[PDB]
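Only one chain is shown below, in structure tokens, and it's the form deposited in one PDB entry.
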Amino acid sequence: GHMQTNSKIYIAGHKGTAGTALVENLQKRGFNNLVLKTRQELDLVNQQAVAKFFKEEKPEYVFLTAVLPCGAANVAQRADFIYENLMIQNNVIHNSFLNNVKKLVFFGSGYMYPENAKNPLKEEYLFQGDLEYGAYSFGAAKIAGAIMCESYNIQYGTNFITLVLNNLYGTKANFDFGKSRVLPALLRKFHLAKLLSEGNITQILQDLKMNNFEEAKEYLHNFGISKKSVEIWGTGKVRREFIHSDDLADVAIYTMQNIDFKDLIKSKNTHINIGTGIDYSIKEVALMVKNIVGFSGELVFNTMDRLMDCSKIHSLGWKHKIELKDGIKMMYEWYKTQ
């Protein structure tokens, strides 16, 4: 149980999804001594500013959540994904070493694993084939971050642990059209399809912030939403897994308190996959959302699988608490209040 009530804990990237979940869960657990810096206060690409922060604040524990994330919308930023993430990683990990940080947790992505690797993905599949093209430079940076943690642990006897996940979600999602991730996008589609099937024209106009029902029906049809059906743009066979941000926070804190480099060690692949151990076809996710929202209509289909093997984290005494059905239900309850 390494971290104590008054241990100084730095959560890097604290305004992000994982960072917000860590701050909330640490405060609930009674951790009273968090240090938090916005991007405007501390640019983690700038070595001079990061070295100064560590020398002047001397945090004891570090959760490194800050990232330039690689997504469909920003995939053109191929150089930024490698440069900015290597700089964040290098500046935080090295200055943590220089200032005698006790322990650090870093987060990897399943983009670090080969595109053609077998599911479920084992930690030892690192370097067993080429990465997916769009996320190639991002995944290469995450590999370097994992190797940076292990290499410091070996040379300098640091305690820097890498946890690797595929897809993070939480209750308070972004539900904006063409800007929303898979679960929130499906939730909103099914909610609006339900409102259409119930003739709640008034609630449709409120939801879309529109003033003309003919215009609203056109807009909904363009997004495959109708009284009788929701269109899934795909075959429905793409598989997806999910981890709730409260489960990410739980396993990150569990790792900080219990899982040391000692416990993991020609030693290599000392990163640890995290997840729920189960995935879902987009068809299965859609039917689950449909059922939770209570839409009486049909799916219609219109046309890289990633599942972590969680054997290692299970063996080290953590498992997830939040099943996807309960996460989607919490997300929908939140949706209705906003």
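All residue numbers refer to positions in the sequence shown, first residue = 1. We call the rigid core the largest set of C-alpha positions that still match within 1.5 Å between the two forms.
Another form, the form deposited in another entry, is not on view; read the next lines as being about it.
Of the residues checked (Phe190, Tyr125, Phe107, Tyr152), the rigid-core alignment between the shown form and the other one shows a Cα shift of at least 2 Å for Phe190 alone.
Comparing the forms between the shown form and the other one on their rigid core, the Cα displacement of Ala66 stays under 2 Å. After superposing the rigid core, the Cα of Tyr169 is displaced by less than 2 Å between the shown form and the other one. The Cα shift for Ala49 between the shown form and the other one, taken after rigid core superposition, is smaller than 2 angstroms.
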